[PDB]
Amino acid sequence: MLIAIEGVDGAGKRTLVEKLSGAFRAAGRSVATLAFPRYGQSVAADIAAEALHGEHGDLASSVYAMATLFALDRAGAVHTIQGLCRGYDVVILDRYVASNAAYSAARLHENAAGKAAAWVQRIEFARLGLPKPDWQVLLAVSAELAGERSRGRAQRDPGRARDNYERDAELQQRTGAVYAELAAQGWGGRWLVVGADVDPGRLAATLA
């Protein structure tokens, strides 16, 4: 089974991933995890990160260019995803194809039914062959609370300064609204919306 954890920056995805993986393991299932962007593992992922922190000229100014780098990152991990799925019972991902739809739609002030989300659909799933997730969990959180966690993370960790997207409070709010639409739409597969208080044991029972 392939599970994707989605949400805005500072929503608390990586933590939910560690709590979830533990719950599945306390249930007897082997678990594997992968996080996108795969920093350090692919040039596409790295150039993208550097671009969000101000490098590579006008790269980050193009909404479609950024989406492409993130998609090229995933395209390079297809065999790896399939391998993990064959050998493990559960595979949890920290962000997946839906992040590209939500952020791209939000940067262009479009909704989940817009052209950007449809573009991601056509390129990543149909063309690049990334397998659709069995489940997509949306850790819904107030934009204010999320931004607060992102700002705190930057204050206490020099190698964790916020990037362009994280400094745009408006983009984070719109992205939140697009995510909520994607879920109700069942975009790319079935979704499950949870909050900060979601119980890891029950949650893992819903996804089992």
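By rigid core we mean the largest C-alpha set that fits within 1.5 Å across both forms. So that there is no doubt, residue numbering starts at 1 and follows the sequence shown.
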Quiz item: Which of the two stretches, 31 to 39 or 50 to 58, moves more in 8 other deposited structures of this protein when the core is held fixed, judged by C-alpha RMS distance?
Solution: 50 to 58
Exercise. Kindly name the stretch, out of 5 to 13 and 182 to 190, whose CA atoms are displaced more from this form in 8 other deposited structures of this protein after the core superposition?
Key: 5 to 13
Quiz item: Should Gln155 be counted as unmodelled in at least a third of the other PDB entries compared?
Solution: yes
Practice problem: Could you check which stretch, 65 to 73 or 151 to 159, carries the larger mean CA temperature factor in the entry? | Solution: 151 to 159
Practice problem: Can you let me know which of the two, 79 to 87 or 109 to 117, has the higher average C-alpha B-factor in the entry? | Solution: 79 to 87
Quiz item: According to the deposited entry, which of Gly54, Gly28, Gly176, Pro37 has the largest Cα B-factor?
Solution: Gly28
Practice problem: State the tercile, meaning the lowest, middle or highest third, of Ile3 with respect to the CA B-factors recorded for its chain. | Solution: middle
Quiz prompt | Third of the chain, ranked by Cα B-factor, where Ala101 sits | solution = lowest
Exercise. Taking the values exactly as deposited, rank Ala180 by C-alpha B-factor within its chain and report the matching third: lowest, middle or highest.
Key: lowest
Quiz item: Should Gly189 be placed in the lowest, middle or highest third of its chain by the C-alpha B factor in the entry?
Solution: lowest
Quiz prompt | CA B-factor ranking of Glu144, expressed as a third of its chain | solution = highest
